[PDB]
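Asks: I am attaching a structure below and will ask some questions about it afterwards.
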Amino acid sequence: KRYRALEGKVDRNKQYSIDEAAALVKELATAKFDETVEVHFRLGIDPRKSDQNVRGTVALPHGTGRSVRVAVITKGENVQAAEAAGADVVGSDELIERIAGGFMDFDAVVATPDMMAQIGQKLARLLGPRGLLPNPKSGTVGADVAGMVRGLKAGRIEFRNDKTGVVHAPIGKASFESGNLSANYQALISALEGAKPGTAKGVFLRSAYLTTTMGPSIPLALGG
RNA sequence: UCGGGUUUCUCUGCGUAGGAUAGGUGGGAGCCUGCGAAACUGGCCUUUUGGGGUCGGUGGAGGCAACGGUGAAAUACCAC
């Protein structure tokens, strides 16, 4: 079991907001190693339509407890600008062979301006149906693979949505403070309640709950 | 007896590849001795291709997820 001294401090009948929960959230965690805590939401608009699936990014403020993933595919004076910085598996068009021979655990498979045709003529029968490619309106097109890859650097990207009514983007790590468990939670209601395409319902924010490596749940209030 | 809601206790969920229904994000590798995992024979909830729970004879007690296998995402340990 080992449920006590962590569920006892918890009542699913009260509320712990933005400046009271983030200081009683690293608590609700006393398990083994490091212990991050989730932050739940509910896009329960009309979840069985293809015009209520969130297909947009999030950009965490500070630095998480990770690094950066951007599988660049460049050539020339674009090789010493993505290898001498902090990207991932950077080189030339050899990356086609590194993203077609069985290794697609990468993220933004970047490219060069004149060399989108390399990701478009060979890996359009492969990478085509991934939607993980550099578009001229998405995030990383042109010669902005240094400062808008700093949107894949200065922000753990990711983008997903489901079919029941549960949506919960995480904060990052509890390796911070209580003004940084709610300053990374100031990038969750600052990057997930911009999801109203064309049809909606009444009242989006219904409540809020929690999650760790041993729970439980003190309902996060919503307001000022 | 019919109406529905709430709340607790309970489970289905193979259009695709995956040995074997993966149901989601984080702590994604450890503790678990404090709340429904193997598949022989006249089974129901899913409907006589295989798959959790089986009434009874039959009676090796420690383990797995995984690297691999593999999809925009994987099959277990705590949970919304």
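Don't worry about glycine lacking a Cβ; one is built from the backbone with ideal geometry, like all the others, and counts go over all protein chains shown. Any read-out appearing in this document is the output of simple, stated calculations on the displayed coordinates, not a laboratory observation.
Asks: Just list whichever of A:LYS14/A:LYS196; A:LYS163/A:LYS196; A:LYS9/A:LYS173 have alpha carbons separated by over 24 Å in the model shown. Could the numbers behind the result be given before it?
Replies: Numbers: A:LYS14/A:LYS196 30 Å; A:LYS163/A:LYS196 16 Å; A:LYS9/A:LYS173 22 Å.
Checking Cα-Cα distances, A:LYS14/A:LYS196 exceed 24 Å.
Asks: Over the Cα atoms of the stretch A:51-94, how large are the radius of gyration and the largest Cα-Cα distance (Dmax), in Å?
Replies: Calculated on Cα positions, Rg and Dmax stand at 14.5, 42 Å.
Asks: Please list log₁₀ I(q)/I(0) at q = 0.09, 0.13 Å⁻¹ for chain A, using the Debye equation with identical point scatterers on the alpha-carbon positions.
Replies: -0.48, -0.88
Asks: Given the peptides A:176-184, A:79-87, arrange them by the average over their residues of other C-beta atoms within 10 Å, most packed first. Mind dumping the intermediate values first?
Replies: Numbers: A:176-184: 18.3, A:79-87: 15.4.
Highest-to-lowest ranking by the protection proxy: A:176-184, A:79-87.
Asks: Going by average Cβ density within 10 Å per residue, which order do the peptides A:129-139, A:144-154 take, highest to lowest? Can you show the working numbers first?
Replies: Details: A:129-139: 12.8, A:144-154: 17.5.
By packing density, highest mean first, the sequence is A:144-154, A:129-139.
Asks: For the stretch A:63-155, take the convex hull of the Cα atoms, compute a quarter of its surface area, and give me that in nm², please.
Replies: Working: hull surface 23.0 nm².
Computed as one quarter of the Cα hull surface, the answer is 5.7 nm².
Asks: Can you list, largest first and rounded to whole Å, the semi-axes you get for the stretch A:1-109 by taking the square root of 5 times each eigenvalue of its Cα gyration tensor?
Replies: On the way: eigenvalues 334, 90, 41 Å².
They are 41, 21, 14 Å, listed largest first.
Asks: Using only DSSP helix segments of four residues or longer, with each worth -39500 (n - 2.57), what per-residue ellipticity at 222 nm results for chain A after dividing by its residue count and rounding to 500? Could the numbers behind the result be given before it?
Replies: Numbers: 2 runs with 10 residues, N = 224.
It comes out at -1000 deg cm²/dmol, rounded to the nearest 500.
Asks: Taking the beta-carbon count within 10 Å as an exposure proxy, list A:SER92, A:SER67 from fewest neighbours to most.
Replies: On the way: A:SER92 16, A:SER67 10.
So the ranking, lowest neighbour count to highest, is A:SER67, A:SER92.
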